[PDB]
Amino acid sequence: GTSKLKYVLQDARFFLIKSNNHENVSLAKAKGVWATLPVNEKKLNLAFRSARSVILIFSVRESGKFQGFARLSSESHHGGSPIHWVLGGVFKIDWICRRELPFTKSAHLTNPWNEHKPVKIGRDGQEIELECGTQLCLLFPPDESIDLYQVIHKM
């Protein structure tokens, strides 16, 4: 069912994350980490203190799909062991869905905070309004590799 997911997403903030390659998403999916440029890192750190959940929705550029979504479990932090991304601080994230959603399945959703353009359109770090982000996350298929239990306790 969707009760657990809807609880996680209640009063959440949502950000589009645009990656230039699949490799960094694969790295991030396995390790539960993300890093972004300074302007977005600041925005995400502010959101983490302001909302019960901050959700990152990933799309690899030119892929025609979203590749999943994840919830920030921390603000960014420096000084950790370097992540050899295939080119700011590192955010720890808990993935909620690592399955793909093609843009054809989100064609009816428009983001009011991006001039009511389809939610698939946006720059890295584009914030997605609450209801559009919630409905977008609800479109993803269930991910049997994921247990929401950890997230629900962290909240």
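We number the residues from 1 along the sequence you see.
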Count up the deposited residues without coordinates from residue 87 to residue 88 and drop the result into none, 1 to 3, 4 to 9, or 10 or more.
-> 4 to 9
Of 23 to 31 vs 37 to 45, the stretch with the larger average CA B-factor in the entry is 37 to 45
Name the higher of the two by mean Cα B-factor in the PDB entry, 48 to 56 versus 125 to 133.
-> 48 to 56
Name the third of the chain's ranked CA B-factors that contains residue 99, choosing lowest, middle or highest.
-> middle
Would you mind checking where the Cα B-factor of residue 63 ranks among the modelled residues of its chain, as the lowest, middle or highest third?
-> highest
